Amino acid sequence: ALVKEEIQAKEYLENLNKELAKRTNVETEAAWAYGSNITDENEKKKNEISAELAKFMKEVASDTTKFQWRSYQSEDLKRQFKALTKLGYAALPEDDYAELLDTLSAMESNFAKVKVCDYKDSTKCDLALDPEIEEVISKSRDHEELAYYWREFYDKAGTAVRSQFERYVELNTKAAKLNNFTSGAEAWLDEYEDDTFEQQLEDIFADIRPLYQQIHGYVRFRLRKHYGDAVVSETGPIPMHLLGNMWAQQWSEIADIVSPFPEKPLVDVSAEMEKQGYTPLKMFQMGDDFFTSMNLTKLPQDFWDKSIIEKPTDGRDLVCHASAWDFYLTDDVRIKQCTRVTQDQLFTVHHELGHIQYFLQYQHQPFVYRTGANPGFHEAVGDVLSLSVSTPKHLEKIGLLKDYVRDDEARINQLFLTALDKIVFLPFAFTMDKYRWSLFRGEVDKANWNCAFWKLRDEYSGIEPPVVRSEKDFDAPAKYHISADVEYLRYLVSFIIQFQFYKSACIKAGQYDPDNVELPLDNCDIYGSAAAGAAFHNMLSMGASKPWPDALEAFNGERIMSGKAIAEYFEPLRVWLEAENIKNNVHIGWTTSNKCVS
């Protein structure tokens, strides 16, 4: 009978969860070792442990069919069993799983091993993306130098892994279908537990898109004045290499040349950080201080003992794209970041420490619940703090921003600077997964794969390669997440919902009142707020124990993902910018790019 079975099932889950945590710890350790120190030996070790865990998961998924779990009374037990049926890549036959893992490490290690030659010195060929190439892309205003580094990087990080990427798509699709999803797109989307999730995002993106187009138009206008019309056209897509970022995903590095009021203050605390002798250690300690100030959890000793917070100085290869790691025991959580002393990096630190906080908050949950309410929730946590960290209010408090007068013009500068990060990124984030979804779904013929990438980047972001590309090139894997098979929709979700969290935390902190000119949303600091911390504790402690609308409700009483809060934040910018574009007769929109030959 079912009553006796459900009692037995509860006991089964309790034991299995603990076993899965312990086994995942072993896999995670091998993965950590590889990412910290890329060698053939560590690759082999990483992949063989995973093959072993995959085999164990196969038996787990099989064993779930012996339980009448869909018949149970307990929603909680049913939810746990459903999680256990989700094999993902582990559904693949033994040999196919091994080949997929070999394919994934080939791509990630290619990306991590990219070195290019100095633009001025063709014999100095040890320049890595992090930090050498990214430093040029962010600081250089020599358009030909920028174009050189763009071409060198994309050729090496993208084109070199076309064959591997093709095999990856094949095996991703096979895995998805073995789980009875149509493709890897539906597999990814399953994480959001909502059959209208794509439409919901389209609707929100459509509401914010006009604001993006104003920002795009104004930026293009200002770039024309800086570089001249031979480099930037009025009516064409923006050459992406001028936007201060290798993927043009965020444009804040060119704020000094595109800011609304060049004679009024523009926040850039990097120089002050260096002057005051800031170190990566100090930056992480400050992040820790922020969380504890909100009555949230202090970083445990294991974090300080085991983390890598600086790029190693030996000869070794490693992945420098920052990462936060949960080892599924108690208090064993780590970051690996190749930390630099900059304002932008200060944000990355808080962003990554948001993951660590999430790990600690839900570590008491059953193994299957020890993850985010949805992938977007995990990415949002640290960004809510970074929003506060970025305010003139907070930066003055900590002594990094000096002699700042917050008049109307400085406010517009700060709003525009934030938008160069937060609004600009939305079409970018959407295209990363629209591209991969279309490949997963079999909607693009292999002969059209590269220009299908650039077509999306054009349609949505209005940017283009600095040079003519073709199907001889393969540019998508030049983005880390694409080489490393990390879903990107999480970030689109995050950038929307982080404003819902931020607005609510700010209200709870007494830091925001729409009817009070002294408390604007764009100058809210939640540092020290126990009330904001209480909301985070309520939501984060839940892990994945309930569907994500329940986790949002626990934070602020709402159940719906909404673009209202992000629009509210930027409304004063929208009003000013619409008027400023009209004032300057700024052309809005772009013609179809000529930069990918079919």
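In case it trips you up, residue 1 is the first one in the sequence shown, and so on.
Two stretches are in play, 187-195 and 403-411, and the higher mean C-alpha B-factor belongs to 403-411. Here the stretch with the larger average CA B-factor, out of 423-431 and 340-348, is 340-348. Going by the entry's values, 119 shows the largest Cα B-factor out of 119, 495, 454, 247. The maximum CA B-factor among the listed residues 491, 480, 278, 359, taken from the PDB record, is found at 278. In the deposited entry, the Cα temperature factor of residue 12 places it in the highest third of its chain's modelled residues. Per-chain ranking of the deposited C-alpha B factor places residue 241 in the lowest third.
Per the deposited record, the Cα B-factor of residue 392 falls in the middle third when ranked against the other modelled residues of its chain. Placement of the Cα temperature factor of residue 225 within the chain: middle third of the modelled residues, per the deposited record.
Annotation for residue 588: CA B-factor lies in the lowest third of the chain's modelled residues.
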